[PDB]
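Shown here: work-v3.cif, mmCIF, C-alpha atoms.
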```
data_target
loop_
_atom_site.group_PDB
_atom_site.id
_atom_site.type_symbol
_atom_site.label_atom_id
_atom_site.label_comp_id
_atom_site.auth_asym_id
_atom_site.auth_seq_id
_atom_site.Cartn_x
_atom_site.Cartn_y
_atom_site.Cartn_z
ATOM 1 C CA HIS A 1 30.899 -4.903 8.362
ATOM 2 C CA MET A 2 27.645 -4.553 6.439
ATOM 3 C CA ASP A 3 24.671 -6.615 5.396
ATOM 4 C CA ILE A 4 21.378 -6.337 3.601
ATOM 5 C CA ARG A 5 18.414 -8.625 4.207
ATOM 6 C CA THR A 6 14.740 -8.846 3.355
ATOM 7 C CA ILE A 7 12.317 -7.527 5.962
ATOM 8 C CA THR A 8 10.074 -9.583 8.239
ATOM 9 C CA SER A 9 6.899 -8.765 10.136
ATOM 10 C CA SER A 10 8.881 -8.451 13.361
ATOM 11 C CA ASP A 11 10.824 -5.520 11.860
ATOM 12 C CA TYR A 12 7.772 -3.264 12.040
ATOM 13 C CA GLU A 13 8.540 -1.671 15.405
ATOM 14 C CA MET A 14 12.170 -0.955 14.525
ATOM 15 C CA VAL A 15 11.482 0.636 11.137
ATOM 16 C CA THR A 16 8.455 2.718 12.088
ATOM 17 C CA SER A 17 10.384 4.116 15.069
ATOM 18 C CA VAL A 18 12.938 5.856 12.838
ATOM 19 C CA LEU A 19 10.199 7.718 10.950
ATOM 20 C CA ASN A 20 10.404 10.043 13.966
ATOM 21 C CA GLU A 21 14.209 10.076 14.224
ATOM 22 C CA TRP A 22 15.738 10.323 10.744
ATOM 23 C CA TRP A 23 13.931 13.332 9.291
ATOM 24 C CA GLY A 24 15.240 16.119 11.531
ATOM 25 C CA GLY A 25 12.581 15.566 14.176
ATOM 26 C CA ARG A 26 9.874 16.682 11.768
ATOM 27 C CA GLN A 27 6.716 14.557 11.819
ATOM 28 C CA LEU A 28 6.102 12.931 8.447
ATOM 29 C CA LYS A 29 2.557 12.868 7.088
ATOM 30 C CA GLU A 30 3.022 9.601 5.221
ATOM 31 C CA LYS A 31 2.878 6.516 7.429
ATOM 32 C CA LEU A 32 3.855 2.884 6.729
ATOM 33 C CA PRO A 33 0.978 0.393 7.222
ATOM 34 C CA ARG A 34 1.859 -3.048 8.594
ATOM 35 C CA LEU A 35 0.576 -4.610 5.355
ATOM 36 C CA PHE A 36 3.874 -3.830 3.613
ATOM 37 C CA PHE A 37 5.887 -5.774 6.199
ATOM 38 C CA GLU A 38 3.586 -8.747 5.815
ATOM 39 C CA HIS A 39 3.003 -8.960 2.071
ATOM 40 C CA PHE A 40 5.936 -7.442 0.207
ATOM 41 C CA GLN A 41 8.842 -8.852 2.226
ATOM 42 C CA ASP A 42 10.917 -10.266 -0.636
ATOM 43 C CA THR A 43 11.286 -6.870 -2.285
ATOM 44 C CA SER A 44 11.725 -4.786 0.879
ATOM 45 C CA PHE A 45 15.066 -4.488 2.650
ATOM 46 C CA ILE A 46 17.011 -3.407 5.702
ATOM 47 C CA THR A 47 20.710 -2.519 5.554
ATOM 48 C CA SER A 48 22.916 -2.502 8.622
ATOM 49 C CA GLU A 49 26.451 -2.219 9.897
ATOM 50 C CA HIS A 50 27.355 -4.307 12.932
ATOM 51 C CA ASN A 51 23.742 -5.150 13.787
ATOM 52 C CA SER A 52 22.627 -1.520 13.689
ATOM 53 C CA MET A 53 20.155 -0.454 10.984
ATOM 54 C CA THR A 54 21.542 2.115 8.554
ATOM 55 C CA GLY A 55 18.657 2.138 6.096
ATOM 56 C CA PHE A 56 15.538 0.501 4.698
ATOM 57 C CA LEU A 57 13.458 0.280 1.538
ATOM 58 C CA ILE A 58 9.855 -0.770 0.993
ATOM 59 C CA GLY A 59 8.816 -1.719 -2.524
ATOM 60 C CA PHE A 60 6.943 -4.258 -4.619
ATOM 61 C CA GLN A 61 6.280 -5.571 -8.101
ATOM 62 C CA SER A 62 3.262 -4.040 -9.836
ATOM 63 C CA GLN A 63 0.466 -6.588 -10.199
ATOM 64 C CA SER A 64 -1.542 -4.971 -12.990
ATOM 65 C CA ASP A 65 1.634 -3.867 -14.832
ATOM 66 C CA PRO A 66 4.068 -6.791 -14.062
ATOM 67 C CA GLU A 67 7.029 -5.377 -15.985
ATOM 68 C CA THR A 68 7.031 -2.473 -13.537
ATOM 69 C CA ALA A 69 8.471 -2.471 -10.004
ATOM 70 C CA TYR A 70 7.566 0.297 -7.514
ATOM 71 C CA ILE A 71 9.639 1.756 -4.668
ATOM 72 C CA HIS A 72 7.260 3.118 -2.045
ATOM 73 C CA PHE A 73 9.477 4.374 0.768
ATOM 74 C CA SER A 74 13.125 4.405 1.767
ATOM 75 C CA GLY A 75 15.288 6.087 4.351
ATOM 76 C CA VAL A 76 18.912 6.326 5.409
ATOM 77 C CA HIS A 77 20.329 6.938 8.887
ATOM 78 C CA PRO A 78 21.414 10.606 9.411
ATOM 79 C CA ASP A 79 25.054 9.695 10.122
ATOM 80 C CA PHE A 80 25.341 7.849 6.832
ATOM 81 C CA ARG A 81 25.785 9.229 3.336
ATOM 82 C CA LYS A 82 22.383 9.140 1.640
ATOM 83 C CA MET A 83 23.798 8.144 -1.744
ATOM 84 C CA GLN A 84 25.954 5.189 -0.631
ATOM 85 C CA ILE A 85 23.429 3.379 1.580
ATOM 86 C CA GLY A 86 20.538 4.511 -0.586
ATOM 87 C CA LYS A 87 22.291 3.278 -3.719
ATOM 88 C CA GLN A 88 22.911 -0.107 -2.096
ATOM 89 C CA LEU A 89 19.221 -0.461 -1.201
ATOM 90 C CA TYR A 90 18.116 0.574 -4.694
ATOM 91 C CA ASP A 91 20.669 -1.720 -6.345
ATOM 92 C CA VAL A 92 19.592 -4.801 -4.392
ATOM 93 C CA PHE A 93 15.938 -3.945 -5.033
ATOM 94 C CA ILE A 94 16.587 -3.618 -8.779
ATOM 95 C CA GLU A 95 18.456 -6.922 -9.027
ATOM 96 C CA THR A 96 15.686 -8.612 -7.050
ATOM 97 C CA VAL A 97 12.815 -7.329 -9.198
ATOM 98 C CA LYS A 98 14.737 -8.053 -12.409
ATOM 99 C CA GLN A 99 14.507 -11.690 -11.318
ATOM 100 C CA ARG A 100 10.728 -11.219 -11.139
ATOM 101 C CA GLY A 101 10.477 -10.040 -14.745
ATOM 102 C CA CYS A 102 10.530 -6.281 -14.163
ATOM 103 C CA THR A 103 12.088 -4.077 -16.836
ATOM 104 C CA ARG A 104 11.506 -0.684 -15.213
ATOM 105 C CA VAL A 105 11.217 0.861 -11.754
ATOM 106 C CA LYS A 106 8.939 3.717 -10.675
ATOM 107 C CA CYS A 107 8.456 5.935 -7.625
ATOM 108 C CA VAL A 108 7.225 9.433 -6.816
ATOM 109 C CA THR A 109 7.939 12.565 -4.824
ATOM 110 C CA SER A 110 6.722 16.134 -4.383
ATOM 111 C CA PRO A 111 7.806 18.841 -6.870
ATOM 112 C CA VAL A 112 9.336 20.809 -3.979
ATOM 113 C CA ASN A 113 11.446 17.880 -2.770
ATOM 114 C CA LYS A 114 14.689 18.825 -4.508
ATOM 115 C CA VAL A 115 16.561 16.330 -2.347
ATOM 116 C CA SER A 116 14.564 13.456 -3.830
ATOM 117 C CA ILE A 117 14.555 14.842 -7.373
ATOM 118 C CA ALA A 118 18.354 15.120 -7.196
ATOM 119 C CA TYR A 119 18.763 11.671 -5.627
ATOM 120 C CA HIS A 120 16.646 9.895 -8.237
ATOM 121 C CA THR A 121 18.127 11.805 -11.143
ATOM 122 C CA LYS A 122 21.632 10.878 -9.940
ATOM 123 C CA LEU A 123 20.527 7.224 -9.831
ATOM 124 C CA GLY A 124 19.530 7.437 -13.491
ATOM 125 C CA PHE A 125 15.772 7.913 -13.228
ATOM 126 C CA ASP A 126 13.904 9.861 -15.897
ATOM 127 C CA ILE A 127 10.721 11.796 -15.097
ATOM 128 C CA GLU A 128 7.378 10.996 -16.746
ATOM 129 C CA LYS A 129 5.592 13.711 -18.699
ATOM 130 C CA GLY A 130 2.627 15.000 -16.714
ATOM 131 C CA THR A 131 0.121 17.796 -17.313
ATOM 132 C CA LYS A 132 1.854 20.752 -15.684
ATOM 133 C CA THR A 133 5.331 22.061 -14.984
ATOM 134 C CA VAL A 134 6.682 23.146 -11.605
ATOM 135 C CA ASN A 135 10.130 24.737 -11.453
ATOM 136 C CA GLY A 136 10.889 23.200 -14.842
ATOM 137 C CA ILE A 137 10.014 19.646 -13.777
ATOM 138 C CA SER A 138 7.080 17.838 -15.384
ATOM 139 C CA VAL A 139 4.406 17.085 -12.786
ATOM 140 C CA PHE A 140 1.175 15.114 -12.443
ATOM 141 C CA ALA A 141 -1.381 17.541 -11.015
ATOM 142 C CA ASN A 142 -3.128 16.427 -7.815
ATOM 143 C CA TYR A 143 -1.757 12.902 -8.257
ATOM 144 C CA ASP A 144 -2.217 12.029 -4.570
ATOM 145 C CA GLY A 145 -5.238 14.270 -4.018
ATOM 146 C CA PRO A 146 -6.069 18.003 -4.191
ATOM 147 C CA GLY A 147 -2.952 20.131 -3.929
ATOM 148 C CA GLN A 148 -0.830 16.974 -3.931
ATOM 149 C CA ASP A 149 1.134 17.283 -7.171
ATOM 150 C CA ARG A 150 3.704 14.574 -7.782
ATOM 151 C CA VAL A 151 6.818 14.037 -9.851
ATOM 152 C CA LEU A 152 6.756 10.509 -11.322
ATOM 153 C CA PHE A 153 10.144 8.812 -11.769
ATOM 154 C CA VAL A 154 10.885 5.889 -14.081
ATOM 155 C CA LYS A 155 14.084 4.013 -14.886
ATOM 156 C CA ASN A 156 14.605 1.181 -17.349
ATOM 157 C CA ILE A 157 16.470 -1.711 -15.750
ATOM 158 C CA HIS B 1 -28.857 -1.071 -14.565
ATOM 159 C CA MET B 2 -25.658 -2.299 -12.957
ATOM 160 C CA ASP B 3 -22.091 -3.344 -13.547
ATOM 161 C CA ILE B 4 -18.869 -4.364 -11.872
ATOM 162 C CA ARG B 5 -15.521 -3.491 -13.399
ATOM 163 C CA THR B 6 -11.850 -3.284 -12.506
ATOM 164 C CA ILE B 7 -10.552 0.104 -11.412
ATOM 165 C CA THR B 8 -8.308 2.355 -13.467
ATOM 166 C CA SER B 9 -5.926 5.120 -12.401
ATOM 167 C CA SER B 10 -8.503 7.748 -13.393
ATOM 168 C CA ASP B 11 -10.993 6.430 -10.813
ATOM 169 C CA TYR B 12 -8.822 7.907 -8.057
ATOM 170 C CA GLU B 13 -10.610 11.260 -7.759
ATOM 171 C CA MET B 14 -14.127 9.821 -7.981
ATOM 172 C CA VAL B 15 -13.539 7.055 -5.413
ATOM 173 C CA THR B 16 -11.681 9.133 -2.809
ATOM 174 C CA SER B 17 -14.162 12.018 -2.950
ATOM 175 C CA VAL B 18 -17.284 9.838 -2.822
ATOM 176 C CA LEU B 19 -15.767 7.795 0.001
ATOM 177 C CA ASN B 20 -15.552 10.966 2.087
ATOM 178 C CA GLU B 21 -19.262 11.636 1.545
ATOM 179 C CA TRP B 22 -20.191 8.075 2.475
ATOM 180 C CA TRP B 23 -18.375 8.340 5.807
ATOM 181 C CA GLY B 24 -19.961 11.678 6.652
ATOM 182 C CA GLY B 25 -17.687 12.274 9.615
ATOM 183 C CA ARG B 26 -14.650 14.329 10.545
ATOM 184 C CA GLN B 27 -11.375 14.202 8.604
ATOM 185 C CA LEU B 28 -10.115 10.618 8.266
ATOM 186 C CA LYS B 29 -6.467 9.577 8.112
ATOM 187 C CA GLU B 30 -5.534 9.062 4.452
ATOM 188 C CA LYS B 31 -5.436 5.322 3.835
ATOM 189 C CA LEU B 32 -5.821 5.168 0.043
ATOM 190 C CA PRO B 33 -2.749 6.545 -1.745
ATOM 191 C CA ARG B 34 -2.741 6.648 -5.556
ATOM 192 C CA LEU B 35 -0.383 3.652 -5.811
ATOM 193 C CA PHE B 36 -3.301 1.294 -5.093
ATOM 194 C CA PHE B 37 -5.231 2.520 -8.156
ATOM 195 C CA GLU B 38 -2.183 2.178 -10.374
ATOM 196 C CA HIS B 39 -0.751 -1.204 -9.417
ATOM 197 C CA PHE B 40 -3.488 -3.558 -8.222
ATOM 198 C CA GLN B 41 -6.175 -2.895 -10.831
ATOM 199 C CA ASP B 42 -7.004 -6.480 -11.800
ATOM 200 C CA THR B 43 -8.061 -7.276 -8.237
ATOM 201 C CA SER B 44 -9.744 -3.970 -7.356
ATOM 202 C CA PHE B 45 -13.337 -3.213 -8.353
ATOM 203 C CA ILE B 46 -16.101 -0.634 -8.616
ATOM 204 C CA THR B 47 -19.806 -1.508 -8.680
ATOM 205 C CA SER B 48 -22.353 0.931 -10.045
ATOM 206 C CA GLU B 49 -25.966 1.413 -11.051
ATOM 207 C CA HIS B 50 -27.052 3.889 -13.720
ATOM 208 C CA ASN B 51 -23.442 5.097 -13.956
ATOM 209 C CA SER B 52 -23.318 5.953 -10.240
ATOM 210 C CA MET B 53 -20.888 4.123 -7.952
ATOM 211 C CA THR B 54 -22.527 1.957 -5.296
ATOM 212 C CA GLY B 55 -19.377 0.319 -3.980
ATOM 213 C CA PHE B 56 -15.682 -0.381 -4.386
ATOM 214 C CA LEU B 57 -13.012 -2.781 -3.183
ATOM 215 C CA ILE B 58 -9.240 -2.445 -3.254
ATOM 216 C CA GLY B 59 -7.269 -5.653 -2.808
ATOM 217 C CA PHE B 60 -4.274 -7.611 -4.022
ATOM 218 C CA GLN B 61 -2.458 -10.926 -4.006
ATOM 219 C CA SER B 62 0.215 -11.215 -1.326
ATOM 220 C CA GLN B 63 3.665 -11.237 -2.886
ATOM 221 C CA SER B 64 5.651 -12.906 -0.091
ATOM 222 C CA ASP B 65 2.796 -15.345 0.715
ATOM 223 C CA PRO B 66 1.183 -16.023 -2.749
ATOM 224 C CA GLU B 67 -1.569 -18.342 -1.497
ATOM 225 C CA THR B 68 -2.955 -15.374 0.446
ATOM 226 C CA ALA B 69 -5.110 -12.592 -1.007
ATOM 227 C CA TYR B 70 -5.571 -9.342 0.941
ATOM 228 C CA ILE B 71 -8.440 -6.866 0.949
ATOM 229 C CA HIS B 72 -7.176 -3.440 1.919
ATOM 230 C CA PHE B 73 -10.323 -1.348 1.703
ATOM 231 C CA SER B 74 -13.938 -1.644 0.617
ATOM 232 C CA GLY B 75 -16.982 0.555 0.937
ATOM 233 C CA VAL B 76 -20.665 0.480 0.094
ATOM 234 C CA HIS B 77 -23.064 3.348 -0.591
ATOM 235 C CA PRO B 78 -24.904 4.081 2.692
ATOM 236 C CA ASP B 79 -28.274 3.816 0.910
ATOM 237 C CA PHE B 80 -27.397 0.238 -0.070
ATOM 238 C CA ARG B 81 -27.219 -2.841 2.156
ATOM 239 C CA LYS B 82 -23.691 -4.122 2.805
ATOM 240 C CA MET B 83 -24.514 -7.823 2.358
ATOM 241 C CA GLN B 84 -25.827 -7.105 -1.141
ATOM 242 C CA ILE B 85 -23.325 -4.785 -2.824
ATOM 243 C CA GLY B 86 -20.509 -5.777 -0.482
ATOM 244 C CA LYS B 87 -21.047 -9.502 -0.908
ATOM 245 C CA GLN B 88 -20.949 -9.000 -4.670
ATOM 246 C CA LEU B 89 -17.655 -7.092 -4.532
ATOM 247 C CA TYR B 90 -16.166 -9.729 -2.233
ATOM 248 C CA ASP B 91 -17.428 -12.596 -4.426
ATOM 249 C CA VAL B 92 -15.931 -11.135 -7.596
ATOM 250 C CA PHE B 93 -12.669 -10.483 -5.743
ATOM 251 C CA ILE B 94 -12.560 -14.080 -4.456
ATOM 252 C CA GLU B 95 -13.296 -15.527 -7.895
ATOM 253 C CA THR B 96 -10.487 -13.401 -9.318
ATOM 254 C CA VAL B 97 -7.835 -14.234 -6.727
ATOM 255 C CA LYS B 98 -8.653 -17.959 -6.862
ATOM 256 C CA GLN B 99 -7.571 -17.719 -10.504
ATOM 257 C CA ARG B 100 -4.238 -16.359 -9.243
ATOM 258 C CA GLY B 101 -3.686 -19.373 -6.997
ATOM 259 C CA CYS B 102 -4.945 -17.920 -3.721
ATOM 260 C CA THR B 103 -6.450 -20.304 -1.179
ATOM 261 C CA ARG B 104 -7.217 -17.825 1.601
ATOM 262 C CA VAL B 105 -8.122 -14.170 2.076
ATOM 263 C CA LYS B 106 -7.110 -11.784 4.850
ATOM 264 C CA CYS B 107 -7.942 -8.255 5.988
ATOM 265 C CA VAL B 108 -7.954 -6.192 9.185
ATOM 266 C CA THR B 109 -9.983 -3.723 11.216
ATOM 267 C CA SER B 110 -10.067 -1.997 14.596
ATOM 268 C CA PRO B 111 -11.472 -4.033 17.504
ATOM 269 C CA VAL B 112 -13.967 -1.238 18.123
ATOM 270 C CA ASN B 113 -15.249 -1.282 14.542
ATOM 271 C CA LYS B 114 -18.240 -3.529 15.224
ATOM 272 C CA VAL B 115 -19.741 -2.808 11.808
ATOM 273 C CA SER B 116 -16.672 -4.335 10.142
ATOM 274 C CA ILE B 117 -16.351 -7.218 12.604
ATOM 275 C CA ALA B 118 -20.020 -8.116 12.006
ATOM 276 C CA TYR B 119 -19.732 -7.823 8.218
ATOM 277 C CA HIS B 120 -16.634 -10.014 7.933
ATOM 278 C CA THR B 121 -18.011 -12.571 10.379
ATOM 279 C CA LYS B 122 -21.233 -12.811 8.354
ATOM 280 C CA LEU B 123 -19.122 -13.384 5.224
ATOM 281 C CA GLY B 124 -17.525 -16.393 6.894
ATOM 282 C CA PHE B 125 -14.200 -14.989 8.081
ATOM 283 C CA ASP B 126 -12.511 -16.399 11.170
ATOM 284 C CA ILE B 127 -10.314 -14.199 13.354
ATOM 285 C CA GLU B 128 -6.648 -15.004 13.928
ATOM 286 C CA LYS B 129 -5.363 -15.554 17.456
ATOM 287 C CA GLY B 130 -3.452 -12.490 18.610
ATOM 288 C CA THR B 131 -1.678 -11.412 21.785
ATOM 289 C CA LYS B 132 -4.615 -9.948 23.683
ATOM 290 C CA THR B 133 -8.376 -9.647 23.948
ATOM 291 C CA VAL B 134 -10.584 -6.610 23.397
ATOM 292 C CA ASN B 135 -14.339 -6.911 23.931
ATOM 293 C CA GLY B 136 -14.000 -10.691 23.640
ATOM 294 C CA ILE B 137 -12.243 -10.551 20.268
ATOM 295 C CA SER B 138 -8.646 -11.723 19.812
ATOM 296 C CA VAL B 139 -6.437 -8.834 18.690
ATOM 297 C CA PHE B 140 -2.871 -8.136 17.581
ATOM 298 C CA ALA B 141 -1.618 -5.395 19.890
ATOM 299 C CA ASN B 142 -0.178 -2.306 18.194
ATOM 300 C CA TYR B 143 -0.351 -4.095 14.840
ATOM 301 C CA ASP B 144 -0.469 -0.816 12.885
ATOM 302 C CA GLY B 145 1.575 1.181 15.375
ATOM 303 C CA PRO B 146 1.414 2.174 19.059
ATOM 304 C CA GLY B 147 -2.195 2.090 20.215
ATOM 305 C CA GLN B 148 -3.322 0.734 16.846
ATOM 306 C CA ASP B 149 -4.617 -2.711 17.801
ATOM 307 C CA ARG B 150 -6.045 -4.792 14.982
ATOM 308 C CA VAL B 151 -8.396 -7.712 14.480
ATOM 309 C CA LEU B 152 -6.979 -9.989 11.773
ATOM 310 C CA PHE B 153 -9.532 -11.784 9.613
ATOM 311 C CA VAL B 154 -8.837 -14.906 7.575
ATOM 312 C CA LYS B 155 -10.981 -17.199 5.464
ATOM 313 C CA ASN B 156 -10.166 -20.192 3.290
ATOM 314 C CA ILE B 157 -11.420 -19.954 -0.275
#
```

Take the structure in the file and give it back as structure tokens.
Amino acid sequence: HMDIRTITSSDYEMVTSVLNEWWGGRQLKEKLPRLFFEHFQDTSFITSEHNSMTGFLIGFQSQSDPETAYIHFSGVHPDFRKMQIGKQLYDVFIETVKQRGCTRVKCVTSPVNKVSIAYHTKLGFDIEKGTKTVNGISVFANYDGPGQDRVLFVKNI
Amino acid sequence: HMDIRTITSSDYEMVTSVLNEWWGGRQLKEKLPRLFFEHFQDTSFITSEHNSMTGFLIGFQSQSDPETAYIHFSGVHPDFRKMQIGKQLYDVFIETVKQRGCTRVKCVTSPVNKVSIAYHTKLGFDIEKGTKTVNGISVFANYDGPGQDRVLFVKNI
């Protein structure tokens, strides 16, 4: 079977462990502070099949721009199709934030992350117009610091 | 002169670069991604004198526990006393989150960060009871990951 539920503080260990197991054994720079598991639980989820986690999503509603929801981090188990599980997580997140007054969802990725650019485009996200172009995609120069250009996604919901 | 204002997305470069100077130590693990400057602006502040930043505070209202406000990061110019600039940043933050319905404020630090433990204690924060003790302070073991013990502060407002 399958189920999706909101996260709890006790899920920290389980989720952070896969950051070392789902990305081909390559250490990710970005980490996930405990604060997300404690303060943005109602808009963060874990999907599973027969009590075994298949994916997760961490997100929240913008506070200074309430009509906007933000997806910070998500991942899908290697043995599962990225689109199916990922789509389920994004769909439940979207329905949840719509009930909070959000009319659009945002997130970001690196200009060289074609996997993410493809994934978000397939899900219907547009890209915000930045200041430079990288491989034909509009980008926000040094968005996350020097040499850290970012592609900003946005989807009306 | 002097002023206190809410942060804007464009303050990202200034704050992150100055912060590095204030520390004056070896490379620190990135803890301030751009998302904080874009989505929690009404509860994040910058203090300055003669157009030069003297301090900043990044915080937000908990979403899954609305009566709780959380301070993620704050810093004060080394040439300035913490209980002067810092107290001001914390007081403006508290006044702001009380208007959002918050009745308590939380934050965290490492049990070996005596500067932070002293500062928060002086401001009136209590420490939450964790699972172990480090240097006589109650701590939450591996709160931010393996080996990342944390002291959890809390104060009613």

Run the PyMOL selection byres ((chain A and resi 16) around 12) against the file shown and list the residues it catches, as a CSV table (one decimal) with C-alpha atoms, in the frame of the given file.
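Generated output (out.csv):
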```
chain,number,residue,atom,x,y,z
A,9,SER,CA,6.9,-8.8,10.1
A,10,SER,CA,8.9,-8.5,13.4
A,11,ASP,CA,10.8,-5.5,11.9
A,12,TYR,CA,7.8,-3.3,12.0
A,13,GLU,CA,8.5,-1.7,15.4
A,14,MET,CA,12.2,-1.0,14.5
A,15,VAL,CA,11.5,0.6,11.1
A,17,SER,CA,10.4,4.1,15.1
A,18,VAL,CA,12.9,5.9,12.8
A,19,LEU,CA,10.2,7.7,11.0
A,20,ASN,CA,10.4,10.0,14.0
A,21,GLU,CA,14.2,10.1,14.2
A,22,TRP,CA,15.7,10.3,10.7
A,27,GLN,CA,6.7,14.6,11.8
A,28,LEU,CA,6.1,12.9,8.4
A,30,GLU,CA,3.0,9.6,5.2
A,31,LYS,CA,2.9,6.5,7.4
A,32,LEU,CA,3.9,2.9,6.7
A,33,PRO,CA,1.0,0.4,7.2
A,34,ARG,CA,1.9,-3.0,8.6
A,36,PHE,CA,3.9,-3.8,3.6
A,37,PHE,CA,5.9,-5.8,6.2
A,55,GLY,CA,18.7,2.1,6.1
A,56,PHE,CA,15.5,0.5,4.7
A,57,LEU,CA,13.5,0.3,1.5
A,58,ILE,CA,9.9,-0.8,1.0
A,73,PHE,CA,9.5,4.4,0.8
A,74,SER,CA,13.1,4.4,1.8
A,75,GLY,CA,15.3,6.1,4.4
B,142,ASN,CA,-0.2,-2.3,18.2
B,143,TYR,CA,-0.4,-4.1,14.8
B,144,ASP,CA,-0.5,-0.8,12.9
B,145,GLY,CA,1.6,1.2,15.4
B,146,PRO,CA,1.4,2.2,19.1
```

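With only C-alpha atoms as the atoms that count, the residue of A:54, A:120, A:137, A:38 with the shortest distance to residue 71 in chain A is A:120.
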
Applied to the shown file, which residues does the PyMOL selection byres ((chain A) within 6 of (chain B)) return, written as a JSON list (two decimals) with C-alpha atoms, keeping the file's coordinate frame?
```json
[["chain", "number", "residue", "atom", "x", "y", "z"],
["A", 33, "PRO", "CA", 0.98, 0.39, 7.22],
["A", 34, "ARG", "CA", 1.86, -3.05, 8.59],
["A", 39, "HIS", "CA", 3.00, -8.96, 2.07],
["A", 40, "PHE", "CA", 5.94, -7.44, 0.21],
["A", 41, "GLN", "CA", 8.84, -8.85, 2.23],
["A", 42, "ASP", "CA", 10.92, -10.27, -0.64],
["A", 62, "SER", "CA", 3.26, -4.04, -9.84],
["A", 63, "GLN", "CA", 0.47, -6.59, -10.20],
["A", 64, "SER", "CA", -1.54, -4.97, -12.99],
["A", 144, "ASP", "CA", -2.22, 12.03, -4.57]]
```

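Using the PyMOL selection byres ((chain B and resi 101) around 9) on the file at hand returns these residues: residues 66, 67, 68, 97, 98, 99, 100, 102 and 103 of chain B.
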
Separation of CA of residue 128 in chain A from CA of residue 154 in chain A, in Å and rounded to one decimal
6.7 Å

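As for CA of residue 80 in chain B and CA of residue 92 in chain B, they are spaced 17.8 Å apart.
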
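Of note, CA of residue 84 in chain B and CA of residue 4 in chain B are spaced 13.1 Å apart.
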
Would you compute, for all listed atoms of range 13-28 of chain A, the axis-aligned bounding box grown by 5 Å on each side, and then report its centre and edge lengths in Å rounded to one decimal, as JSON?
```
{"center_x": 10.9, "center_y": 7.5, "center_z": 11.9, "size_x": 19.6, "size_y": 28.4, "size_z": 17.0}
```

I'd like the contact shell of residue 156 in chain B - 9 Å cut-off, all atoms listed in the file, skipping same-chain residues fewer than 6 positions apart - returned as a PDB file with C-alpha atoms, in the coordinates of the input.
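Done, and the output landed in result.pdb:
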```pdb
ATOM      1  CA  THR B 103      -6.450 -20.304  -1.179  1.00  0.00           C
ATOM      2  CA  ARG B 104      -7.217 -17.825   1.601  1.00  0.00           C
ATOM      3  CA  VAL B 105      -8.122 -14.170   2.076  1.00  0.00           C
ATOM      4  CA  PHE B 125     -14.200 -14.989   8.081  1.00  0.00           C
TER       5      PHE B 125
END
```
